[PDB]
Structure formats: structure tokens, C-alpha cells
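As C-alpha cells, one chain now follows by itself in the form deposited in one PDB entry.
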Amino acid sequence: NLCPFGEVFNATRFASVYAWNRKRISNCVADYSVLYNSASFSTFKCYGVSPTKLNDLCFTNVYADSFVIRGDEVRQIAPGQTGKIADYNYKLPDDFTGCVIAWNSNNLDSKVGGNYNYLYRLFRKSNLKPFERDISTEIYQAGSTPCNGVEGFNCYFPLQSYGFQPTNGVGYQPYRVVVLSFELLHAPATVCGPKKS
């Protein structure tokens, strides 16, 4: 049985980055050559694993995380990076074992006058731990005065919209991201390439 990579890569709609999606993959045969030999992806960088060995490796579980960001932020989806997306939305671990796949989606995720479905967290008083997902909407207290849950001066709503317009520069255009995580536990590996089946 193959792995349902099409559900993740070829999904109709993607999640906002602050509420990034995660799909568990197990008990299937994966064909990573379909992905590395695609040229549809502008970004395909692996960490802690080498890409050409993937078809000959097994793992206990593979997690695919999917979300949308803008072009200038694709570089933040890497270990050790900082910035608004890596600090407040989606953080990779320093010891990351997996791959980061991205591609431009300006045609799917833009609307004339702005597509506002895709949001990001702009304010947070602490950085995320790796793979932490914060979907709360508390008012962010920028000063010393309690905000009482009321938006206002020094009391920011923490989320903001990308507002993807098809006329934005490539840096401000939507990019779909899929992060694969290769997890190897003391348990029978169930996700293998075609060669290790």
C-alpha cells in the first residue's frame, strides 16, 4: 500500500501557518523519487537524512506538516532560523531529521482584492518550542497595563492576514510548504521506500 502523499501535496486547501496541519503516515510504502524528481518544487532541502537514500530507508513514522506562508518566509522553515514565522508560527528543532518542500502557489491561494483566509501570528511573548502549535487568540499586552481582553492601544490582536493579491512581488506571494519528519523509534518501522519493502 502506497503512502497518501497526494492528500498532503495535492490538497485543495492548505492551513494557515499559525494553525499548521499535521498528518500521520504509517504502514505504507513511500516513493520519494516522485517528489525529488518533480521540478514543481522551488525548495527541497533535507536535514539529518540524505535525500538520495530515502527510497532505501525505513522509519517508524513520518509526519507531514502543511501550511502556507509568503516567499520571503520560506527560508525560515529551516533549523536554527529566527523571524516572525519561526518564532511565533512554526519552529523546527535544531536536531531536525526530515525535508522541507515548498512551491509557489500564487495561482491557487490569491484572490483579486486579497485572499484573507491565510493568517499568521504576529505577536507572542515567548518563542514556540519545536513543533509547538499555538492557535489561541488572546489579546497581546504590549505595555504594562492589563488589556481586559479588549483590543486597543498597546493591546494587539495576535493574528494578522497575508491578504494574498495576485499582483504582489514574488516575496509577498503565497507558497505552500510541506515538512516531512522521519521518526525512528524502538518499534517496527512501517514506512519504507520501494527498495526496503
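Basically, rigid core = biggest C-alpha set you can superpose within 1.5 Å across the two forms. Note that residue numbering begins at 1 and tracks the sequence as displayed.
S.K.: Quick one: higher average CA temperature factor, 158-166 or 144-152?
M.R.: Looking at the record's C-alpha B-factors, the answer is 158-166.
S.K.: Which is higher on average in the deposited entry, the C-alpha temperature factors of 23-31 or of 124-132?
M.R.: Between 23-31 and 124-132, it is 23-31.
S.K.: Highest Cα B-factor in the PDB entry belongs to which of 39, 49, 64, 139?
M.R.: In the PDB entry, the greatest C-alpha B-factor among 39, 49, 64, 139 is found at 39.
S.K.: For residue 9, does the deposited CA B-factor place it in the lowest, middle or highest third of the chain?
M.R.: Within its chain, residue 9 is a highest-third residue by C-alpha B-factor, going by the deposited values.
S.K.: Split the chain's modelled residues into thirds by Cα B-factor; is residue 89 in the lowest, middle or highest one?
M.R.: Bottom third by C-alpha B-factor.
S.K.: Of the three thirds of its chain by CA temperature factor, lowest, middle or highest, which one includes residue 178?
M.R.: For residue 178, whose C-alpha B-factor we compare with every modelled residue in the chain, the answer is the middle third.
Quick note: we don't show the form deposited in another entry, though the next part is all about it.
S.K.: For the list 62, 159, 128, 147, which one shows a CA move of 2 Å or more between this form and the one not shown after the core is fit?
M.R.: So the residue whose C-alpha moves 2 Å or more is 147.
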